[PDB]
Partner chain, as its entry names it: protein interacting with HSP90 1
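Encoded as structure tokens, the following chain is the form deposited without its partner chain, with no partner shown.
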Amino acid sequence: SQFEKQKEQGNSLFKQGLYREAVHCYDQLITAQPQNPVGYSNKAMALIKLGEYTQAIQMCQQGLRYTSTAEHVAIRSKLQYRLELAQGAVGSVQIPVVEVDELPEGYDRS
């Protein structure tokens, strides 16, 4: 029986820029024992990273149910912090980290 092993082994994947795998690395906590907010303190940060803010808020309000104690004194406010920003990014973009652009097909050829 384990929990932190599968989750921590994807904390890097969440930071590699391939977030689709990183969602799929924190979902097993919400199914192994959802009685812990940490399962909603990393998925709740990778769903937003693809653009699924709509699903991230549906996880923030399901992790704040498990921060009733000092074992999660910061997660108690990190799911709120992201909820407090998902309602302004589910249809807008002012915190991008992987956006891209090209030339106007008329640049100075240099």
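Numbering follows the first chain given and starts at 1.
This protein has a second form, the form solved in complex with its partner chain, left out of what is shown; the following refers to that one.
When contacts are judged by a 4.5 Å heavy atom cut-off, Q61 counts as touching its partner chain in the deposited complex. At a distance threshold of 4.5 angstroms between non-hydrogen atoms, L18 is out of contact with its partner chain in the deposited complex. Not displayed here, its partner chain is kept clear of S1 by more than 4.5 Å at the level of heavy atoms in the deposited complex. Of the residues in 71 to 101, those that come within 4.5 Å of its partner chain in the deposited complex through at least one heavy atom are, in sequence order, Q87, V90, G91, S92, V93, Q94, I95, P96, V97, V98, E99, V100, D101.
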